[PDB]
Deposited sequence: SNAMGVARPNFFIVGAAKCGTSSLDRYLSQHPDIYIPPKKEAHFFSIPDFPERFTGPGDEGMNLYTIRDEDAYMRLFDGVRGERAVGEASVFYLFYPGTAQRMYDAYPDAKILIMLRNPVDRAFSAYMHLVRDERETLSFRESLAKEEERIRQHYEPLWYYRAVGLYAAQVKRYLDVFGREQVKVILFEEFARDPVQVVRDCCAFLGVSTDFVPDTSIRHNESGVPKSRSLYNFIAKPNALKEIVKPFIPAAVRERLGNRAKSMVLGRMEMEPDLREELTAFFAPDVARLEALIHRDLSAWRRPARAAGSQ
C-alpha cells in the first residue's frame, strides 16, 4: 500500500513548484501530479474561503482519506514518496496531524525573503485577475481579508512570518526529519540543492535534474523592518544567518 514518506510543505511563492518538478524526475522519487491537496490542513480551514478566485482552495482540496491515499496509486518502485501543498507550513495543526499519521516522515521547507514573497503573491493574484488594486492598497486590506476568510495567498504578512511556523515543524518532527532550503540558494545552484535533497531523502545523489514589476521603495524598507524581528528569531531556529534578506 503506497503512502507518502516526505512532504514539501511551503512556503507559498517560494519556488517549491520547481523543486517538486526536479525531484519528481529522480527514478527513486515519486510525487503525484496533484498539488495543493492540503489534506493535513483541512481541519484548520475556515468553513469556506470567500475571496475572488478562491474557489480552488474550496473545491480542489482533498478532504477524504480514501481519496488522499489514491493520489499514490501511481507509485511503483520509488523509495521516496512525497506530496506538496504550500500552506502546510502555515496552518498550525498540520505538522501534528502528519506526525500522527506518519511519524517517520521527512519535511522539506523552502523559504524566501518574506518581502519578495509578499510581492510574488501579489503579482500572482494580479496575473490571475483576482486583484486589481495596487500592492500598497492590497497590503492594507490584509487584516480585513483575514477576518473575511480569504485564502492565505492573500495574507502577505501572515504567511511570511516563518519563525513560528518552522518552529512547529522542528518541534513535532525533530531536526533530523526537517530540511530548510533558501530560495536564493536554489536559484543560484538548483542542481546542488536538488542533490542535497536527495541525500536528505536517502536516495542516490548521482542524479542531474533537467532544469531546462518593482515594489515601491518605501514599502520595501517598511516591510523589511516589519519582518526583521521574526527573521532574527528564524536565524536562531534554523542555525544560519539571513543577512541576504536585509540588503
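For this chain, the deposited residues without C-alpha positions form the stretches 1-5, 218-268, 304-311, given in sequence order.
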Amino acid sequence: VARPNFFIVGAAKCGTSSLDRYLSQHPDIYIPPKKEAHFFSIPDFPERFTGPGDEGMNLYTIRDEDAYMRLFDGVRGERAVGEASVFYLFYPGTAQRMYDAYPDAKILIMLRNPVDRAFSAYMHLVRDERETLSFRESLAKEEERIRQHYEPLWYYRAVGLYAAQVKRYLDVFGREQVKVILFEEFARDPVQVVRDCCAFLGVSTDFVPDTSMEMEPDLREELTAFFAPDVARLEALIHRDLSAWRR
From here on, numbers count along this sequence of modelled residues.
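Of the two segments examined, 213-221 and 177-185, it is 213-221 that shows the higher average Cα temperature factor in the deposited entry. Across the two stretches, 234-242 and 5-13, the PDB entry reports the greater mean Cα temperature factor for 234-242. In this entry, the residue among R97, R147, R112, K106 with the greatest C-alpha B factor is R147.
You'll see in the entry that, of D28, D196, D54, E65, the Cα B factor peaks at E65. In the PDB entry, a CA B factor belonging to the highest third of its chain's modelled residues is recorded for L133.
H38 sits in the lowest third of its chain by CA B factor, as recorded in the PDB entry. In the deposited entry, the Cα temperature factor of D116 sits in the middle third of values across the chain's modelled residues. For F45, the recorded CA B-factor ranks within the middle third of the chain. Only modelled residues enter the ranking. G74: CA B factor in the highest third of modelled residues in this chain (values from the PDB entry).
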